[PDB]
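**Student:** sequence and experimental coordinates follow.
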Amino acid sequence: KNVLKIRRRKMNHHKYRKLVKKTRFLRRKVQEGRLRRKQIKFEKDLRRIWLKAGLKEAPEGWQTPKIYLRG
Amino acid sequence: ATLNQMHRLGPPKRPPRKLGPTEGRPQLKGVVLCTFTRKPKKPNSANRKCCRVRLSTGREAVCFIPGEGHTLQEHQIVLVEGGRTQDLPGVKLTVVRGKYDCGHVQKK
Amino acid sequence: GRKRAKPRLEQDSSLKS
Amino acid sequence: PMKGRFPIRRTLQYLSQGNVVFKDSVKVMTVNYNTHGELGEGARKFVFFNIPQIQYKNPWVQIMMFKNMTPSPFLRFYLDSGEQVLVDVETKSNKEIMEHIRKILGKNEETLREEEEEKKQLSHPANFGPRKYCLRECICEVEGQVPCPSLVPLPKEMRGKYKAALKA
RNA sequence: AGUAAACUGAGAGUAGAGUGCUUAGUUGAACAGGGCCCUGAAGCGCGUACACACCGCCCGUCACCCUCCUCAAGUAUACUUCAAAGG
RNA sequence: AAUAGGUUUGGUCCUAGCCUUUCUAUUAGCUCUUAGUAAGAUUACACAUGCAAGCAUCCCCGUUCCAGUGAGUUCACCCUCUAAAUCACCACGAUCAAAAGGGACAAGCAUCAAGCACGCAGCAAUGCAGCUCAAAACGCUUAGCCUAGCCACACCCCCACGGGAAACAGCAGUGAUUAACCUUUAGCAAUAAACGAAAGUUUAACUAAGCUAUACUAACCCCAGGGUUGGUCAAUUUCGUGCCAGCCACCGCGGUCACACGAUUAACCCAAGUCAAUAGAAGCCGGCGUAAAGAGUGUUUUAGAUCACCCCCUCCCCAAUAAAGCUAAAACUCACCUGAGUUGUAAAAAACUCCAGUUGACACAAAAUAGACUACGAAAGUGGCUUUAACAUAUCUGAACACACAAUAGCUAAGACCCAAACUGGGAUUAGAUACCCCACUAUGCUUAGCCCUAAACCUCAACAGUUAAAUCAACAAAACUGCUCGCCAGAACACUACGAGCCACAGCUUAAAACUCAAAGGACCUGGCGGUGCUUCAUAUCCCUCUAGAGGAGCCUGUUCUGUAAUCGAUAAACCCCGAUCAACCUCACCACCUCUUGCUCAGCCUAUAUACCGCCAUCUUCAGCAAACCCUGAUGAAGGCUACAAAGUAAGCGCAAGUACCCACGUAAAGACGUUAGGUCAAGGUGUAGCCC
Ligand SMILES: NC(=O)c1ccc[n+]([C@@H]2O[C@H](COP(=O)([O-])OP(=O)(O)OC[C@H]3O[C@@H](n4cnc5c(N)ncnc54)[C@H](O)[C@@H]3O)[C@@H](O)[C@H]2O)c1
Ligand code: FES
Ligand SMILES: [K+]
Ligand SMILES: [K+]
Ligand SMILES: [K+]
Ligand SMILES: [K+]
Ligand SMILES: [K+]
Ligand SMILES: [K+]
Ligand SMILES: [K+]
Ligand SMILES: [K+]
Ligand SMILES: [K+]
Ligand SMILES: [K+]
Ligand SMILES: [K+]
Ligand SMILES: [K+]
Ligand SMILES: [K+]
Ligand SMILES: [Mg+2]
Ligand SMILES: [Mg+2]
Ligand SMILES: [Mg+2]
Ligand SMILES: [Mg+2]
Ligand SMILES: [Mg+2]
Ligand SMILES: [Mg+2]
Ligand SMILES: [Mg+2]
Ligand SMILES: [Mg+2]
Ligand SMILES: [Mg+2]
Ligand SMILES: [Mg+2]
Ligand SMILES: [Mg+2]
Ligand SMILES: [Mg+2]
Ligand SMILES: [Mg+2]
Ligand SMILES: [Mg+2]
Ligand SMILES: [Mg+2]
Ligand SMILES: [Mg+2]
Ligand SMILES: [Mg+2]
Ligand SMILES: [Mg+2]
Ligand SMILES: [Mg+2]
Ligand SMILES: [Mg+2]
Ligand SMILES: [Mg+2]
Ligand SMILES: [Mg+2]
Ligand SMILES: [Mg+2]
Ligand SMILES: [Mg+2]
Ligand SMILES: [Mg+2]
Ligand SMILES: [Mg+2]
Ligand SMILES: [Mg+2]
Ligand SMILES: [Mg+2]
Ligand SMILES: [Mg+2]
Ligand SMILES: [Mg+2]
Ligand SMILES: [Mg+2]
Ligand SMILES: [Mg+2]
Ligand SMILES: [Mg+2]
Ligand SMILES: [Mg+2]
Ligand SMILES: [Mg+2]
Ligand SMILES: [Mg+2]
Ligand SMILES: [Mg+2]
Ligand SMILES: [Mg+2]
Ligand SMILES: [Mg+2]
Ligand SMILES: [Mg+2]
Ligand SMILES: [Mg+2]
Ligand SMILES: [Mg+2]
Ligand SMILES: [Mg+2]
Ligand SMILES: [Mg+2]
Ligand SMILES: [Mg+2]
Ligand SMILES: [Mg+2]
Ligand SMILES: [Mg+2]
Ligand SMILES: [Mg+2]
Ligand SMILES: [Mg+2]
Ligand SMILES: [Mg+2]
């Protein structure tokens, strides 16, 4: 068979890889911001739990970890 | 698929039908913003009279004005219906001749 | 660019006659 | 074509051909059958062919199946009183199994005929209403009675538009 | 091959007009083997996204251009939830 | 989607979307006679005014109903238990029917996958740690519903103490708003409800009217309109227009013959309607080698299947895997001797010259021959030697995510480094060369320990079981199928993308949309064209060389081009260019300037346009040998194809070639030379279609 469908996919992937290459510094700043909001959204979900259960502060000795950082 | 698979998936779900430019409505009222002509896509050759109107829904759209000769002007009221102009890409609305400020085509 | 009609769509009146 | 072997089983006509309508005492029917063995062949055909018909006629009776739990196939019925009815089906054909449980726990043809008659009392022919519940909607449909004004206009004398006009 | 080459005459058409054309004759050769890049044909194949038929079709950057969407700093607005509780 | 139809291609078949035809509703345009009947804000936005609940010897009862709306939305159904209410009173019941308890009960999204206290035991104290959930919990979004009717709501804060605030979602009516638009009528006579002991009283419930082609039914002396008329699809004459104006549901139409545009004529269909827009009605038992689809591999879970007992025939070995050890050939390096060059290719340059050749020593790299074998392993992979360990399951099926793997490339750290080698540098090529060609060298290919988790991970054939008889079968691939199960798919493109989530991944992987756009996209095959396409044999004055005389340089002659001129036209690659002309000083003559004539040499005339309307006569391949009616057969009766002589489906009239004839023969030269190719040449030989001119 012909490879015309593969050729369409080939160009789409080449242009995408090149686009990501050109903007990899902007995309890295955007990704960093999303992970911060993701962490904040996670901390809120846990705070909602103890607050809806009648507690006024987090359980004694509980520190919400950073589960989205590269470290 | 097997009977067990057909049972587990259930009856087919139709895609929710896509509302057109009239948003599932027969006609819409619009206010003319500007008038101009559009070139039909090849192989057709013409200067098709179109206009941009603000629809009652708030969204602005390009509408084809059918017939030979019109007198539409900015700030005038027109009624627009569905129906694509086959040779005008993106033109999916048509002005209703004989309603509000758009009159009937003058004979010959 | 003179429009070239499709040969399969070419109309004929043999039946109409 | 319809998927599976014996697609007739998945038709409303087939499912309505069951003759076993359990008495109200029957609450649960367990079927213990074996996948292999020549002596359990009727029990396999009974599960294959007749369990769907039994369930169709007895939607509120729990039917549970158990494979290869014992050396021979048997049916056990649990009644509301607390009584249990063990039916040994080894060596019996599927048709004999259906005939057996019909005799010992199925409603006779007389008891079923009566129920059908009591249902006919619910749709009285003399009643008028929507076609869903009644044969006729209005007395105007009866020949000899004053027809509907939608089909035949009434005399001016029988119309309120003209009774008041003369009176006024 | 009486060919090429050379030489000589006649005719058509004009009132006249060609170094042109048509045609008759004279003298009168050399070579004819070997090859298939090229040119073209024949045969048998192979591929084909072209069919306006390779002067074909066709991909992408950039330019212009309209329609739609995504991301996005700071900020504002609106909405949702609470008492489904405790003393 | 059906009795189907149209639409992809040069063509055929297949697949597939879109659209047509049918039936309703709403709105728009245009049009419209009557009667009867039914039905009738777009808006849970704001409302002027009037009315919509009274009754009755005071108490009470009623105003908790009816009427309205569709905002919200699994309080509607069944069962159990049991209030209020009806049966004057008791009902020891029936009827009706709350609260409570049990069960059942919409759609879409899994890119909402975890919820976060959601359970149990105990008299209590208290103890246990459970409960829901891919068979869809939790969550988001949408929607009144299952219509003798039911549910919900009643301006908002779910509620209505309270607060905001001052309420038509009661009838009639109004404003705003929307494509959407009924009277500010009458009567309590009928029925229903309230009240009364009752005669009765009241009620915008309701009844009877008003308004409206939204529908139904009936009628019309008189009075018909709307749309359509290229195909689908019933039905077009004459003009105008000339890719413009416009048209089109789809395919498409429009550049001088427009049945498709506009007008006009006629016709077709329906008809007091017509039919433009919109919406709805008809959607899974079909597929997954190549069209969308078998996800790289195996396992199992809750389950499903009957392929599990019976009932049986490929255990061991060959290139599985892991570990350790080992080395034959060839490199590299070093040493001696010798040589002065070696390397590089179509050819060069650059590079090296402690270089090359012989001999010897020599690896953490890679594994000729066997292997023409077709084995091992789940797949990926696995082919030098030895040894150790070792290749799950006595029914099958069973995961993007669980579990464990998974070439090459790549990442992190420490090593090895012969050779190869991205990148980079140099040489050359080129219009350019960030390439192809040459040289050097690095990451990398190796080892160790961690990652990453992709492939055209492909026999492009899911696992298991069974069959070879049916129809063999769209096509090609790989003969055609059945049972059963899981996975997956539902026009193209957007998109191996966006967002979400997960991940040792951070320029990544996995899962994976939508908006705008289109009428196709796509699969297989056939034909043609073309190929910097293969092989083979050829051209006889012939493609190259060979033979002879020329052209190309000079002058002249002549044609054309260009320039010039007030001043023809045609030919114009082969197949124009001493060509139409076997011929222009006037004439010829068709051109230019000036002057003149107007029924004109002609029952006019035109060398005006169109050779892309033609006849006529020709060029061209042809320095060919084929064209072909009528039949027959093959391919499943697909587009297509049809020959074998020891013959296997072709027979063929006619035409051409041939034969014959002309010239001096039977040789040669002429003549002849089909169909078709170039819309080839000629409207200016003459004739002529169409269009144009007529002082
Ligand atoms: N998700 C479960 O834990 C679960 C439990 C019981 C049965 N199953 C069965 O697994 C099949 C797949 O279910 P789905 O479509 O809802 O899941 P899915 O394939 O959409 O996967 C969603 C989740 O289920 C897991 N899952 C996928 N396949 C599974 C399988 N075969 N068994 C168990 N877990 C699986 C995935 O890892 C993931 O966590 C069905 O046949 C279902 O009945 C699944
Ligand atoms: S339906 Fe009976 S009178 Fe109309
Ligand atoms: K179709
Ligand atoms: K009272
Ligand atoms: K609602
Ligand atoms: K409310
Ligand atoms: K009354
Ligand atoms: K038409
Ligand atoms: K070896
Ligand atoms: K392959
Ligand atoms: K070909
Ligand atoms: K010369
Ligand atoms: K001709
Ligand atoms: K002529
Ligand atoms: K002519
Ligand atoms: Mg692309
Ligand atoms: Mg249209
Ligand atoms: Mg109307
Ligand atoms: Mg009571
Ligand atoms: Mg209740
Ligand atoms: Mg899933
Ligand atoms: Mg998303
Ligand atoms: Mg709603
Ligand atoms: Mg209100
Ligand atoms: Mg309220
Ligand atoms: Mg009102
Ligand atoms: Mg209306
Ligand atoms: Mg009373
Ligand atoms: Mg009325
Ligand atoms: Mg089209
Ligand atoms: Mg035409
Ligand atoms: Mg015309
Ligand atoms: Mg027309
Ligand atoms: Mg595919
Ligand atoms: Mg596979
Ligand atoms: Mg894959
Ligand atoms: Mg398994
Ligand atoms: Mg798997
Ligand atoms: Mg799954
Ligand atoms: Mg994957
Ligand atoms: Mg790997
Ligand atoms: Mg590596
Ligand atoms: Mg090297
Ligand atoms: Mg370079
Ligand atoms: Mg290296
Ligand atoms: Mg090694
Ligand atoms: Mg492979
Ligand atoms: Mg499988
Ligand atoms: Mg798609
Ligand atoms: Mg990829
Ligand atoms: Mg991605
Ligand atoms: Mg993301
Ligand atoms: Mg010369
Ligand atoms: Mg000339
Ligand atoms: Mg010319
Ligand atoms: Mg010419
Ligand atoms: Mg030519
Ligand atoms: Mg003269
Ligand atoms: Mg002259
Ligand atoms: Mg003249
Ligand atoms: Mg010609
Ligand atoms: Mg002869
Ligand atoms: Mg000749
Ligand atoms: Mg001849
Ligand atoms: Mg021509």
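**Tutor:** On my side now, so go ahead. Numbers count the residues shown, from 1 in each chain, chains lettered A, B, ... in the order given. Ligands and ions are numbered 1, 2, ... in the order given.

**Student:** wasn't residue D:63 part of a strand?
**Tutor:** Yes - counting by DSSP: H, G, I helix; E, B strand; the rest coil, one finds residue D:63 located in a strand.

**Student:** count the neighbours of it for me.
**Tutor:** 14 (other C-beta atoms under 10 Å in any protein chain shown). For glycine as for every other residue, the C-beta is placed from the backbone atoms N, C-alpha and C.

**Student:** same deal with the one 10 residues further on?
**Tutor:** By the measure other C-beta under 10 Å, the count of residues near residue D:73 is 28.

**Student:** stretch B:15-28: end-to-end distance?
**Tutor:** Distance between the two ends of stretch B:15-28: 25 Å, counting by C-alpha to C-alpha, to the nearest Å.

**Student:** next, the buried residues of it.
**Tutor:** Neighbour counts over stretch B:15-28 (16 or more other C-beta atoms under 10 Å in any protein chain shown) mark B:21, B:22, B:28 as buried.

**Student:** residue 11: how many residues sit nearby?
**Tutor:** Defaulting to chain A. 10.

**Student:** wrong chain, I was asking about chain C
**Tutor:** Residue C:11 has 6 nearby residues by other C-beta under 10 Å.

**Student:** which of the helices or strands spans it?
**Tutor:** Per DSSP states H and E, residue C:11 falls between elements, in no helix or strand.

**Student:** one more: residue D:149?
**Tutor:** Assigned by DSSP H and E, residue D:149 falls outside every helix and strand.

**Student:** for it, give me its contacts.
**Tutor:** Residues counted as contacts of residue D:149 (C-beta atoms under 8 Å, 6 or more residues apart in numbering or on different chains): none.

**Student:** for the residue in chain A positioned nearest to RNA strand E, give me phi and psi.
**Tutor:** Among the residues of chain A, residue A:2 lies closest to RNA strand E, at 3.9 Å counting by C-beta to the nearest atom of the strand. Torsion angles at residue A:2 (phi, psi; degrees, to the nearest 10) stand at phi -70, psi 160.

**Student:** count of neighbours near it?
**Tutor:** 6.

**Student:** do residue D:135 as well
**Tutor:** 13.

**Student:** same check on the one 3 residues further on?
**Tutor:** With neighbours defined by other C-beta under 10 Å, the count for residue D:138 comes to 12.

**Student:** and it, how far from residue D:60?
**Tutor:** Distance, residue D:138 to residue D:60, using C-beta to C-beta, to the nearest Å: 39 Å.

**Student:** and for residue D:9?
**Tutor:** Per C-beta to C-beta, residue D:9 is found 21 Å from residue D:60.

**Student:** show me which of these two is the more surrounded one.
**Tutor:** Of the pair residue D:9 and residue D:60, residue D:9 is the one with more neighbours under other C-beta under 10 Å, namely 16 against 9.

**Student:** who's in contact with that one?
**Tutor:** So residue D:9 contacts D:15, D:48, D:49, D:52 (C-beta under 8 Å, 6+ apart).

**Student:** now it: how far from residue D:48?
**Tutor:** 8 Å.

**Student:** before we move on, what about residue D:35?
**Tutor:** 11 Å.

**Student:** more neighbours, the two?
**Tutor:** residue D:48 (14 against 9).

**Student:** for that one, helix, strand, or coil?
**Tutor:** Look at residue D:48: counting by three-state DSSP, its state is helix.

**Student:** and if you look at residue B:63?
**Tutor:** Secondary structure, three-state DSSP: residue B:63 is strand.
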